[PDB]
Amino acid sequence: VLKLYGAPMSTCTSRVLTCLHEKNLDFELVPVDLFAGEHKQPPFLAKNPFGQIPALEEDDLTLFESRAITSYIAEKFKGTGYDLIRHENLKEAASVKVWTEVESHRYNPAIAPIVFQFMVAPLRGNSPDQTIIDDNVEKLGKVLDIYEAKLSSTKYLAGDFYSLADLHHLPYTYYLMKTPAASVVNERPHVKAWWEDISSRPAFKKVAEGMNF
């Protein structure tokens, strides 16, 4: 059984959950109690020594890092459910690799701090830092300027097909759109339409429920 350790409301778990649904896979979501600090105790640290969710146990295999887990799932269950990494087109598969790396090294480092300040900082007892928000909204805008041009050429980031590249953007963007920083998406027409597209896929709509209130 694919056993996913995490929480429905977290961006990092949701990234895997939507991938699991795209692939039409059975799985078990095992709750990890972040409130009680379960992720920092010896049992979970043995799954992920960095003490963050999610982790995956599949028989004797144990994985962590959300995008390692999605990549594993996408590769292992080739030909089942949606074709996320393009297993029968080399050119397409390569482009997916490009834009998943763009998400990791360009999109995520800019959007993560925005969501952290709005959603996580209050949990740590701090008001959102407007300076950190504004700086990264500027940075994300510049990434999104490139996205706007790309998405004017192709339906999705890696080409005229939905892929793992787009998928990885769903969770942090979902929370961004709940904040005033939603403006960076809404003011770029191709990015906005792209977001409205991928965020309305059945495989994410089921996951979106768990990310709400």
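Numbers for residues come from their place in the sequence shown, where the first is 1.
So, looking at the entry's B-factor column for Cα atoms, which has the higher mean, 134-142 or 102-110? Result: 134-142.
Take the C-alpha B-factors listed in the entry for 168-176 and for 55-63, compute each mean, and give the stretch with the larger one. Averaging CA B-factors over each stretch, the winner is 55-63.
For the CA B factor values reported in this entry, which option in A182, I69, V30, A36 has the top one? Result of the comparison over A182, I69, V30, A36: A36.
Looking at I198, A203, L25, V16, which one carries the largest C-alpha B-factor according to the PDB entry? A203 has the highest C-alpha B-factor of those listed.
According to the PDB entry, is the CA B factor of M119 in the bottom, middle or top third of its chain, that is, lowest, middle or highest? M119: CA B-factor falls in the highest third of its chain.
Rank-wise, by C-alpha B-factor, drop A94 into the lowest, middle or highest third of its chain. According to the entry, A94 has a C-alpha B-factor in the chain's middle third.
Ranked against its chain, the third holding the CA B-factor of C12: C12: CA B-factor falls in the middle third of its chain.
In terms of the CA temperature factor given in the entry, to which third of its chain does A193 belong: lowest, middle or highest? Answer is highest: the recorded C-alpha B-factor places it there.
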